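This is work.pdb (PDB, C-alpha atoms (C1' of nucleotides)).
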ATOM      1  CA  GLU A  25       0.000   0.000   0.000  1.00  0.00           C
ATOM      2  CA  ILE A  26       2.197   2.836  -1.319  1.00  0.00           C
ATOM      3  CA  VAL A  27       0.649   5.754  -3.215  1.00  0.00           C
ATOM      4  CA  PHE A  28       2.882   8.775  -3.706  1.00  0.00           C
ATOM      5  CA  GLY A  29       2.581  12.543  -3.999  1.00  0.00           C
ATOM      6  CA  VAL A  30       5.158  15.322  -4.273  1.00  0.00           C
ATOM      7  CA  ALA A  31       4.878  18.191  -1.804  1.00  0.00           C
ATOM      8  CA  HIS A  32       6.799  20.886  -3.772  1.00  0.00           C
ATOM      9  CA  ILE A  33       7.625  23.225  -0.884  1.00  0.00           C
ATOM     10  CA  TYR A  34       8.729  26.497  -2.506  1.00  0.00           C
ATOM     11  CA  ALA A  35      10.139  27.806   0.759  1.00  0.00           C
ATOM     12  CA  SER A  36      10.788  31.343  -0.404  1.00  0.00           C
ATOM     13  CA  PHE A  37      11.280  34.460   1.620  1.00  0.00           C
ATOM     14  CA  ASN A  38       8.014  36.267   2.443  1.00  0.00           C
ATOM     15  CA  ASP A  39       5.858  33.318   1.289  1.00  0.00           C
ATOM     16  CA  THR A  40       5.778  29.514   1.367  1.00  0.00           C
ATOM     17  CA  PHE A  41       4.106  27.424  -1.346  1.00  0.00           C
ATOM     18  CA  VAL A  42       2.933  24.052  -0.022  1.00  0.00           C
ATOM     19  CA  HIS A  43       1.578  22.850  -3.335  1.00  0.00           C
ATOM     20  CA  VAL A  44       1.286  19.076  -3.474  1.00  0.00           C
ATOM     21  CA  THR A  45       0.777  17.451  -6.862  1.00  0.00           C
ATOM     22  CA  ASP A  46       0.578  14.003  -8.356  1.00  0.00           C
ATOM     23  CA  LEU A  47       3.817  12.168  -9.106  1.00  0.00           C
ATOM     24  CA  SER A  48       4.376  13.727 -12.543  1.00  0.00           C
ATOM     25  CA  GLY A  49       3.428  17.209 -11.376  1.00  0.00           C
ATOM     26  CA  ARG A  50       1.031  17.915 -14.234  1.00  0.00           C
ATOM     27  CA  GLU A  51      -1.935  17.508 -11.858  1.00  0.00           C
ATOM     28  CA  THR A  52      -2.106  19.675  -8.751  1.00  0.00           C
ATOM     29  CA  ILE A  53      -3.989  19.040  -5.519  1.00  0.00           C
ATOM     30  CA  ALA A  54      -4.688  21.627  -2.799  1.00  0.00           C
ATOM     31  CA  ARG A  55      -2.786  24.706  -3.999  1.00  0.00           C
ATOM     32  CA  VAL A  56      -2.453  26.073  -0.417  1.00  0.00           C
ATOM     33  CA  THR A  57       0.316  28.565   0.139  1.00  0.00           C
ATOM     34  CA  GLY A  58       1.116  30.488   3.290  1.00  0.00           C
ATOM     35  CA  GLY A  59      -0.224  33.688   1.779  1.00  0.00           C
ATOM     36  CA  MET A  60      -3.865  32.615   1.762  1.00  0.00           C
ATOM     37  CA  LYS A  61      -4.043  32.198   5.547  1.00  0.00           C
ATOM     38  CA  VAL A  62      -2.744  35.307   7.311  1.00  0.00           C
ATOM     39  CA  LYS A  63      -2.898  38.700   5.574  1.00  0.00           C
ATOM     40  CA  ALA A  64      -0.486  41.176   7.143  1.00  0.00           C
ATOM     41  CA  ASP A  65       2.222  41.087   4.373  1.00  0.00           C
ATOM     42  CA  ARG A  66       5.064  40.462   6.865  1.00  0.00           C
ATOM     43  CA  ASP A  67       4.176  37.320   8.787  1.00  0.00           C
ATOM     44  CA  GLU A  68       3.890  35.405   5.509  1.00  0.00           C
ATOM     45  CA  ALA A  69       7.557  34.514   5.980  1.00  0.00           C
ATOM     46  CA  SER A  70       6.929  33.128   9.468  1.00  0.00           C
ATOM     47  CA  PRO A  71       7.300  29.406  10.292  1.00  0.00           C
ATOM     48  CA  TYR A  72       3.843  29.471  11.894  1.00  0.00           C
ATOM     49  CA  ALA A  73       2.232  30.280   8.547  1.00  0.00           C
ATOM     50  CA  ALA A  74       4.218  27.377   7.139  1.00  0.00           C
ATOM     51  CA  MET A  75       3.068  25.406  10.189  1.00  0.00           C
ATOM     52  CA  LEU A  76      -0.675  25.639   9.674  1.00  0.00           C
ATOM     53  CA  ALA A  77      -0.804  25.902   5.862  1.00  0.00           C
ATOM     54  CA  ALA A  78       1.197  22.705   5.346  1.00  0.00           C
ATOM     55  CA  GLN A  79      -1.011  20.297   7.255  1.00  0.00           C
ATOM     56  CA  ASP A  80      -3.880  22.313   5.771  1.00  0.00           C
ATOM     57  CA  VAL A  81      -2.881  20.418   2.632  1.00  0.00           C
ATOM     58  CA  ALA A  82      -2.755  17.153   4.616  1.00  0.00           C
ATOM     59  CA  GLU A  83      -6.532  16.954   4.938  1.00  0.00           C
ATOM     60  CA  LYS A  84      -7.146  17.671   1.269  1.00  0.00           C
ATOM     61  CA  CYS A  85      -4.741  14.981   0.095  1.00  0.00           C
ATOM     62  CA  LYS A  86      -6.761  12.573   2.229  1.00  0.00           C
ATOM     63  CA  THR A  87      -9.862  13.543   0.261  1.00  0.00           C
ATOM     64  CA  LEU A  88      -8.252  11.536  -2.537  1.00  0.00           C
ATOM     65  CA  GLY A  89      -6.299   9.341  -0.141  1.00  0.00           C
ATOM     66  CA  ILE A  90      -2.572   9.488  -0.827  1.00  0.00           C
ATOM     67  CA  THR A  91      -0.729   8.082   2.187  1.00  0.00           C
ATOM     68  CA  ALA A  92       2.926   8.578   1.293  1.00  0.00           C
ATOM     69  CA  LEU A  93       4.493  11.503  -0.552  1.00  0.00           C
ATOM     70  CA  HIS A  94       7.798  13.153  -1.469  1.00  0.00           C
ATOM     71  CA  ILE A  95       9.259  16.579  -0.675  1.00  0.00           C
ATOM     72  CA  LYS A  96      10.867  19.136  -2.994  1.00  0.00           C
ATOM     73  CA  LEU A  97      12.438  22.094  -1.195  1.00  0.00           C
ATOM     74  CA  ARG A  98      13.018  25.224  -3.267  1.00  0.00           C
ATOM     75  CA  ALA A  99      15.065  28.130  -2.191  1.00  0.00           C
ATOM     76  CA  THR A 100      14.221  30.345  -4.397  1.00  0.00           C
ATOM     77  CA  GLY A 101      17.680  30.681  -5.944  1.00  0.00           C
ATOM     78  CA  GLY A 102      18.343  31.360  -9.561  1.00  0.00           C
ATOM     79  CA  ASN A 103      20.553  34.399  -9.530  1.00  0.00           C
ATOM     80  CA  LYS A 104      19.158  34.758  -5.998  1.00  0.00           C
ATOM     81  CA  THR A 105      19.376  33.530  -2.421  1.00  0.00           C
ATOM     82  CA  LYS A 106      19.894  29.761  -3.127  1.00  0.00           C
ATOM     83  CA  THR A 107      18.837  28.628   0.378  1.00  0.00           C
ATOM     84  CA  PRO A 108      15.350  28.148   1.873  1.00  0.00           C
ATOM     85  CA  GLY A 109      13.833  30.805   4.080  1.00  0.00           C
ATOM     86  CA  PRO A 110      12.552  30.863   7.677  1.00  0.00           C
ATOM     87  CA  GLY A 111       9.394  28.793   7.261  1.00  0.00           C
ATOM     88  CA  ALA A 112      11.221  26.071   5.363  1.00  0.00           C
ATOM     89  CA  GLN A 113      10.985  22.768   7.245  1.00  0.00           C
ATOM     90  CA  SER A 114       8.543  23.888   9.899  1.00  0.00           C
ATOM     91  CA  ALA A 115       6.272  22.880   7.025  1.00  0.00           C
ATOM     92  CA  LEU A 116       8.013  19.490   7.253  1.00  0.00           C
ATOM     93  CA  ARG A 117       7.372  18.906  10.941  1.00  0.00           C
ATOM     94  CA  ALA A 118       3.819  20.021  10.129  1.00  0.00           C
ATOM     95  CA  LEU A 119       3.367  17.206   7.621  1.00  0.00           C
ATOM     96  CA  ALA A 120       4.986  14.269   9.422  1.00  0.00           C
ATOM     97  CA  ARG A 121       3.082  15.007  12.620  1.00  0.00           C
ATOM     98  CA  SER A 122      -0.169  15.123  10.600  1.00  0.00           C
ATOM     99  CA  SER A 123      -0.221  11.341   9.917  1.00  0.00           C
ATOM    100  CA  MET A 124       1.895  11.182   6.773  1.00  0.00           C
ATOM    101  CA  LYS A 125       4.537   8.750   5.532  1.00  0.00           C
ATOM    102  CA  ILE A 126       7.354  10.955   4.265  1.00  0.00           C
ATOM    103  CA  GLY A 127      10.249   9.398   2.546  1.00  0.00           C
ATOM    104  CA  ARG A 128      11.983  11.520  -0.014  1.00  0.00           C
ATOM    105  CA  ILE A 129      13.547  14.894   0.826  1.00  0.00           C
ATOM    106  CA  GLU A 130      15.430  16.760  -1.876  1.00  0.00           C
ATOM    107  CA  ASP A 131      16.742  20.266  -2.512  1.00  0.00           C
ATOM    108  CA  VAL A 132      15.433  20.905  -6.023  1.00  0.00           C
ATOM    109  CA  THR A 133      16.330  24.417  -6.303  1.00  0.00           C
ATOM    110  CA  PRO A 134      18.450  24.550  -9.463  1.00  0.00           C
ATOM    111  CA  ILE A 135      21.724  26.490  -9.653  1.00  0.00           C
ATOM    112  CA  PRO A 136      23.064  28.190 -12.803  1.00  0.00           C
ATOM    113  CA  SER A 137      26.378  27.569 -14.490  1.00  0.00           C
ATOM    114  CA  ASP A 138      26.626  31.293 -14.121  1.00  0.00           C
ATOM    115  CA  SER A 139      24.033  34.004 -13.685  1.00  0.00           C
ATOM    116  CA  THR A 140      23.019  36.510 -16.315  1.00  0.00           C
ATOM    117  CA  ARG A 141      23.109  39.634 -14.151  1.00  0.00           C
ATOM    118  CA  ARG A 142      21.322  40.165 -10.883  1.00  0.00           C
ATOM    119  CA  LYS A 143      19.516  43.135  -9.414  1.00  0.00           C
ATOM    120  CA  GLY A 144      21.357  45.840  -7.534  1.00  0.00           C
ATOM    121  CA  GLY A 145      24.196  47.332  -9.532  1.00  0.00           C
ATOM    122  CA  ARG A 146      27.776  46.757  -8.311  1.00  0.00           C
ATOM    123  CA  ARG A 147      27.316  48.396  -4.917  1.00  0.00           C
ATOM    124  CA  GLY A 148      23.931  46.932  -4.342  1.00  0.00           C
ATOM    125  CA  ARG A 149      21.401  47.472  -1.560  1.00  0.00           C
ATOM    126  CA  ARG A 150      22.757  50.613   0.071  1.00  0.00           C
ATOM    127  CA  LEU A 151      20.847  50.906   3.391  1.00  0.00           C
TER     128      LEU A 151
ATOM    129  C1'   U B   1     126.763  48.619 -66.220  1.00  0.00           C
ATOM    130  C1'   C B   2     126.277  51.244 -60.930  1.00  0.00           C
ATOM    131  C1'   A B   3     121.093  52.289 -62.084  1.00  0.00           C
ATOM    132  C1'   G B   4     119.781  57.202 -55.470  1.00  0.00           C
ATOM    133  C1'   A B   5     114.953  55.668 -55.980  1.00  0.00           C
ATOM    134  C1'   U B   6     110.544  52.962 -57.801  1.00  0.00           C
ATOM    135  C1'   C B   7     106.873  48.205 -59.968  1.00  0.00           C
ATOM    136  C1'   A B   8     106.603  43.463 -59.663  1.00  0.00           C
ATOM    137  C1'   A B   9     110.174  38.558 -57.946  1.00  0.00           C
ATOM    138  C1'   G B  10     112.413  32.774 -61.719  1.00  0.00           C
ATOM    139  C1'   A B  11     105.942  31.999 -57.546  1.00  0.00           C
ATOM    140  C1'   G B  12     106.560  25.843 -57.079  1.00  0.00           C
ATOM    141  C1'   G B  13     110.400  26.723 -51.873  1.00  0.00           C
ATOM    142  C1'   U B  14     112.754  27.337 -46.598  1.00  0.00           C
ATOM    143  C1'   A B  15     109.306  29.615 -42.067  1.00  0.00           C
ATOM    144  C1'   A B  16     105.171  24.983 -35.001  1.00  0.00           C
ATOM    145  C1'   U B  17     102.461  29.075 -41.973  1.00  0.00           C
ATOM    146  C1'   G B  18      97.972  32.180 -39.486  1.00  0.00           C
ATOM    147  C1'   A B  19      90.843  31.469 -36.289  1.00  0.00           C
ATOM    148  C1'   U B  20      92.146  33.126 -27.636  1.00  0.00           C
ATOM    149  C1'   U B  21      88.095  32.038 -24.310  1.00  0.00           C
ATOM    150  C1'   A B  22      83.335  29.878 -24.630  1.00  0.00           C
ATOM    151  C1'   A B  23      80.892  34.308 -19.617  1.00  0.00           C
ATOM    152  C1'   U B  24      76.041  30.537 -13.410  1.00  0.00           C
ATOM    153  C1'   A B  25      76.261  37.325 -20.762  1.00  0.00           C
ATOM    154  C1'   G B  26      73.121  36.901 -25.036  1.00  0.00           C
ATOM    155  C1'   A B  27      71.273  34.669 -29.314  1.00  0.00           C
ATOM    156  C1'   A B  28      69.703  30.524 -32.197  1.00  0.00           C
ATOM    157  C1'   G B  29      68.942  25.196 -32.474  1.00  0.00           C
ATOM    158  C1'   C B  30      67.404  20.311 -30.870  1.00  0.00           C
ATOM    159  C1'   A B  31      66.306  12.903 -32.414  1.00  0.00           C
ATOM    160  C1'   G B  32      64.052  17.348 -27.161  1.00  0.00           C
ATOM    161  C1'   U B  33      60.171  15.962 -23.209  1.00  0.00           C
ATOM    162  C1'   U B  34      56.807  18.942 -21.791  1.00  0.00           C
ATOM    163  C1'   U B  35      53.767  22.642 -19.285  1.00  0.00           C
ATOM    164  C1'   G B  36      50.081  27.166 -18.563  1.00  0.00           C
ATOM    165  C1'   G B  37      41.979  30.543 -17.263  1.00  0.00           C
ATOM    166  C1'   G B  38      48.445  33.181 -22.800  1.00  0.00           C
ATOM    167  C1'   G B  39      46.255  35.276 -28.024  1.00  0.00           C
ATOM    168  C1'   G B  40      43.245  33.940 -32.858  1.00  0.00           C
ATOM    169  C1'   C B  41      39.579  31.098 -35.550  1.00  0.00           C
ATOM    170  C1'   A B  42      35.954  27.393 -35.975  1.00  0.00           C
ATOM    171  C1'   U B  43      33.127  23.777 -33.046  1.00  0.00           C
ATOM    172  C1'   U B  44      30.209  22.647 -28.636  1.00  0.00           C
ATOM    173  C1'   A B  45      28.116  21.959 -23.812  1.00  0.00           C
ATOM    174  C1'   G B  46      25.779  23.553 -19.119  1.00  0.00           C
ATOM    175  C1'   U B  47      22.030  24.881 -15.941  1.00  0.00           C
ATOM    176  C1'   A B  48      19.800  29.428 -15.132  1.00  0.00           C
ATOM    177  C1'   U B  49      17.052  34.028 -16.239  1.00  0.00           C
ATOM    178  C1'   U B  50      13.292  35.593 -19.449  1.00  0.00           C
ATOM    179  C1'   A B  51       9.379  35.464 -23.136  1.00  0.00           C
ATOM    180  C1'   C B  52       5.658  32.501 -25.097  1.00  0.00           C
ATOM    181  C1'   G B  53       2.547  27.135 -26.030  1.00  0.00           C
ATOM    182  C1'   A B  54      -0.105  23.465 -23.766  1.00  0.00           C
ATOM    183  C1'   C B  55      -2.286  21.379 -18.894  1.00  0.00           C
ATOM    184  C1'   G B  56      -3.726  21.203 -13.663  1.00  0.00           C
ATOM    185  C1'   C B  57      -5.057  24.374  -9.882  1.00  0.00           C
ATOM    186  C1'   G B  58      -7.670  28.013  -7.549  1.00  0.00           C
ATOM    187  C1'   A B  59      -6.991  33.915  -5.463  1.00  0.00           C
ATOM    188  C1'   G B  60      -3.716  35.723  -4.860  1.00  0.00           C
ATOM    189  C1'   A B  61       1.351  37.428  -6.372  1.00  0.00           C
ATOM    190  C1'   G B  62       5.733  40.890  -6.645  1.00  0.00           C
ATOM    191  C1'   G B  63       8.116  43.194  -3.270  1.00  0.00           C
ATOM    192  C1'   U B  64       9.521  46.021   1.587  1.00  0.00           C
ATOM    193  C1'   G B  65      11.784  48.984   7.703  1.00  0.00           C
ATOM    194  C1'   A B  66       6.391  49.410   6.943  1.00  0.00           C
ATOM    195  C1'   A B  67       4.798  50.203   2.447  1.00  0.00           C
ATOM    196  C1'   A B  68       2.711  51.479  -2.066  1.00  0.00           C
ATOM    197  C1'   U B  69       3.721  51.569  -7.391  1.00  0.00           C
ATOM    198  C1'   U B  70       3.060  46.669 -10.234  1.00  0.00           C
ATOM    199  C1'   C B  71       1.070  41.648 -11.954  1.00  0.00           C
ATOM    200  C1'   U B  72      -4.399  38.622 -11.652  1.00  0.00           C
ATOM    201  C1'   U B  73     -11.398  40.832 -18.722  1.00  0.00           C
ATOM    202  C1'   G B  74     -10.407  35.760 -12.954  1.00  0.00           C
ATOM    203  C1'   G B  75      -6.882  30.965 -15.909  1.00  0.00           C
ATOM    204  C1'   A B  76      -1.871  34.994 -12.491  1.00  0.00           C
ATOM    205  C1'   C B  77       1.619  33.189  -8.648  1.00  0.00           C
ATOM    206  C1'   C B  78       2.726  27.972  -8.605  1.00  0.00           C
ATOM    207  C1'   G B  79       3.364  23.017 -10.583  1.00  0.00           C
ATOM    208  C1'   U B  80       4.646  20.912 -15.228  1.00  0.00           C
TER     209        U B  80
END
File written out as structure tokens:
Amino acid sequence: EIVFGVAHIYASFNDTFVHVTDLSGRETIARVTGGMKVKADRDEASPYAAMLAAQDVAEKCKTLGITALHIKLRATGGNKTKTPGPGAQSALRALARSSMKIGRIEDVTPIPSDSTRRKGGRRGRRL
RNA sequence: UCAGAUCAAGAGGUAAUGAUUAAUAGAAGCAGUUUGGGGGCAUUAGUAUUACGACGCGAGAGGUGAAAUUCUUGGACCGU
């Protein structure tokens, strides 16, 4: 008895996208991100928004009944931060405590063989 | 003839018969073995960032000190 989903945690800064799909990813279930729960624009980064809006997906994957699933952490690095934010794996302790069978955890942010040009301009982010 | 001098000697014979070193200077070579993101021209790969095409999804998303500008004629963001 092993049916499998893919969690696709896009653990960005100032949001968190807990968007489980089917195994091929063409078919999405329960689009719930951390933005659709609290609306104050600056606790969307918080691990508590990734706490509740991750196991919020765990009920709606039991509407179709998928016991086991896989994880895909994303950072959101392209020419950018390349490591997951604050509410990154607080959305992983949310899932495994919510009666799930989690084996696969992978960092599927991709990294370039060199970036085009990033924002900021040679002395970037003064103040 | 001596010819003050001055050109060339019967040249085949008698002279140790004549070219210093090779610079922990340089240069050039090599049956030389290589070595280096050195320069040129072709060839070719890598993910990424876009922009679009399909398809699923459903109301958010960018961003920030807090914001707003901005993106959702929902089909965006996200997943592919």
What are the residues of chain A lining chain B at 10 Å or less? Count only C-alpha atoms (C1' of nucleotides), and put the answer as JSON, numbers by chain. {"A": [32, 34, 38, 39, 41, 42, 43, 44, 45, 46, 48, 49, 50, 51, 52, 53, 54, 55, 56, 57, 59, 60, 65, 66, 101, 102, 103, 134, 135, 136, 137, 138, 139, 140, 141, 142]}
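Among the candidates A:106, A:98, A:143, A:86, the one nearest to residue A:40 when counting all atoms listed in the file is A:98.
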Between atom CA of residue A:115 and atom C1' of residue B:65, measure the distance and give it in Å to one decimal.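 Computing the Euclidean distance for atom CA of residue A:115 and atom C1' of residue B:65 yields 26.7 Å.
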Anything within 10 Å of (13.0, 10.0, 1.6): list those residues as a compact mmCIF listing (two decimals) with C-alpha atoms, in the frame of the given file, counting all atoms listed in the file and sticking to the file's coordinates.
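File out_0.txt, as written:
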# COMPACT_ATOMS: atom_id res chain seq x y z
CA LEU A 93 4.49 11.50 -0.55
CA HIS A 94 7.80 13.15 -1.47
CA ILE A 95 9.26 16.58 -0.68
CA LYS A 125 4.54 8.75 5.53
CA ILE A 126 7.35 10.96 4.26
CA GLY A 127 10.25 9.40 2.55
CA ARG A 128 11.98 11.52 -0.01
CA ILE A 129 13.55 14.89 0.83
CA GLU A 130 15.43 16.76 -1.88
Residues at most 10 Å from residue A:61, counting all atoms listed in the file, excluding those fewer than 2 positions away in the same chain, as a list in words?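 Final neighbour list, sorted by chain and number: residues 56, 57, 58, 59, 63, 64, 68, 73, 74, 76, 77 and 80 of chain A.
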